[PDB]
Each structure stands twice: as C-alpha cells, then as structure tokens.
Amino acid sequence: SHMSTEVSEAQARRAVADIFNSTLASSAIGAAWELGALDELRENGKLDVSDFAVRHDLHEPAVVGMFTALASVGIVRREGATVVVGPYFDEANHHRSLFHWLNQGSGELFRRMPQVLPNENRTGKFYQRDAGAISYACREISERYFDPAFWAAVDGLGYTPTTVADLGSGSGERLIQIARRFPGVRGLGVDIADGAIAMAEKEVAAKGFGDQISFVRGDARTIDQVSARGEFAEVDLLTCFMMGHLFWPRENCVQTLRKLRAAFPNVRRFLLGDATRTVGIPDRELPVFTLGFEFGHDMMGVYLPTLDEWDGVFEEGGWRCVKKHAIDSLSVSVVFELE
C-alpha cells in the first residue's frame, strides 16, 4: 500500500522530515554500534543516558543527540533519563554493520556526489573512503551474512583440507576459523593491502596459529606475478569472499579465473562469495544495502556483475559450479562452490 502519486501537504511534510531525520539516525546506528550502546540495549533492554555518557567518557549533550536521532525514527524510545529499545531495534541492530558501512565507511563518497558525478573530475584519486572504518564494518558483514553459507560449503567439501589459500584475506578471521575446524591445517592469506597483513599476523599470533598461517602482498587478479608462486602447489582449498566483483570487467574475470586455476592446480574446491547487482527491483521496494552497494559502485566507476553474469563466466574461466547458496539477505548475495 505504498506508491501514491498525490498526498496532503501534511503527509509530505512528515515524509520529508522523516528522510531528514533518517540521515541522522542512519549515521547514529553505526556510531552507537561502535561506541557500545547497541550492545547494552540488546543485552539490558534499556539504559540510562547520563550513566552511559560517564562510563564511556562521552560528551553528554551529543550522546543525547545520538539517542534522539535513533528515537526520531523508532529504533529506540526515550523516557526521561532512560532509553529503551523501540519497535525497530532488532532489525536495525541486525543490519548495523550495513549502516556503518554506509556512513562511517563510505560517507565521504556519498557526501561528494556533486563533485564525483562530473566526468572532468573522474580520473586518478577522485574520491575517498575510510579504509579502517570499512574494514571494521566488513568484519561483521563477513561474519553475520556470509558465515552460514561459508560453513555449509565447508561441510560439503568431501575432503578434509591441508593447505588453504584465501584471496582478499583482510583481517584473517577466515583462515583463523578454518584452523580451529581442521586442527592441523596450514593457511596462506593474500591482500593488495599492507595493514591487512599486519592486522592479520598480529591477530593470528594472538590466537596460537603463528607457526601455520603466513600471508603475502599481491594483486589477486595477477597472482602468477606474486613471489609466493612455489608454495601454491600444495594448496587444496581456495577461498575468496567480498572481493570477486573487482575481478571484473568480464574479460579480466575470465583471465583471472584461468590464471588462478593454473596457479592453484591442486585445488579441489574454490569457495567464492560476494554481493551482486540486482535487476528490476522497484524503486520503492528496495531493501537494505542494495541501493548503497550498487549506487556507490557506480560512483567509484567500479563494475558490479549480476548473478547471471557470474554464472555465465565460470566455464570460460576454467571452473565448474557445483553448488550455489543464496545469502539472507544482503541484497542478492551468493556463495558459489566451484571446482
């Protein structure tokens, strides 16, 4: 019962006010997550704003602002000095990493819409995002949205692996969680990013897997041109989550898939997981993330393959898709079990 074309002035005032306050609420979701407040509310159901502000050493006027923003749209409810969870808390909290990703992570790009859209401006470094904030968001995105299907695919391997290479390894939590499932297994993360190596080795060292899991720097689209080559022969499980769309355009994907095939010829299973572009979803029925993901990629000039485009690329890439998993529900996201 949504799509009217004609409304009262009163309705339009309220609607436009809501969009405005949604913006502040949106940013506040990610911030309340990162400052601990969404967790207190999840656990205790309620909190005392002054008490919260003191405990965490926060400027209280601004802390009232954050909660009022959440409350302007029903995520929480304010009662005197108390904030309780509101009718929309669970959903918002479930998707809190997506909001963080939108604001804290990608705000700078969406803010500069008017500078970024002009063609004369689109070369070299023409936008900025917060790498550390994205990383922070993508850690929970990976867990909350991709783990079930990732683990489901690991359960369906039909063999117990021995050496697992992970493309776009970032934090290293993927490899680490593998280590624990398959006691003896060794691992080899790969990034095109320097602070991913360090953050990982530190986190690896921090959990007792230093002796096994090592890392490397290299663009995974040209993995043959990476000095770790020699060890790629012993690897019997490849993985690649939240970065496959970078392999594109199509022809560069084909190439990259082919080159990966040769560089890892002992790989039995290759688990590939990513979000895809949607098609034909109606403007007023777009779910969370979809618009953010697609629109931001369109602004960065980065290509986003639809799900069909992935499907029709694997053969030529030198791979066969033997199982496919739908993600709940990070737009249209998928896990492919390739071999």
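Residues carry their position along the shown sequence, with the first being 1.
Participant: So 183-191 or 165-173, which one's hotter by mean CA B-factor in the entry?
Facilitator: Per the deposited B-factors, the answer is 183-191.
Participant: Do the CA atoms of 64-72 or those of 296-304 have the higher mean B-factor in the entry?
Facilitator: Here the higher of the two C-alpha B-factor means belongs to 296-304.
Participant: Which is it among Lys207, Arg77, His94, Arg269: the one with the largest CA B-factor in the entry?
Facilitator: Highest C-alpha B-factor among the listed options: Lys207.
Participant: According to the deposited entry, which of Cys240, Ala233, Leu109, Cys138 has the largest Cα B-factor?
Facilitator: Reading the PDB entry, the winner on C-alpha B-factor is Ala233.
Participant: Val85: which third of its chain by C-alpha temperature factor?
Facilitator: Its C-alpha B-factor, which the entry lists for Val85, ranks in the middle third among residues of this chain.
Participant: Just say lowest, middle or highest third for the CA B-factor of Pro249 relative to the other modelled residues in its chain.
Facilitator: It belongs to the highest third of the chain when residues are ordered by C-alpha B-factor.
Participant: Test of reading the entry: by CA B factor among the chain's modelled residues, which third contains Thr123?
Facilitator: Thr123: CA B-factor falls in the highest third of its chain.
Participant: Lowest, middle or highest third: where is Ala131 by Cα B-factor in its chain?
Facilitator: Middle third by C-alpha B-factor.
Participant: Is the Cα B-factor recorded for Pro148 in the lowest, middle or highest third of its chain?
Facilitator: Middle third, going by the recorded CA B-factors of the chain.
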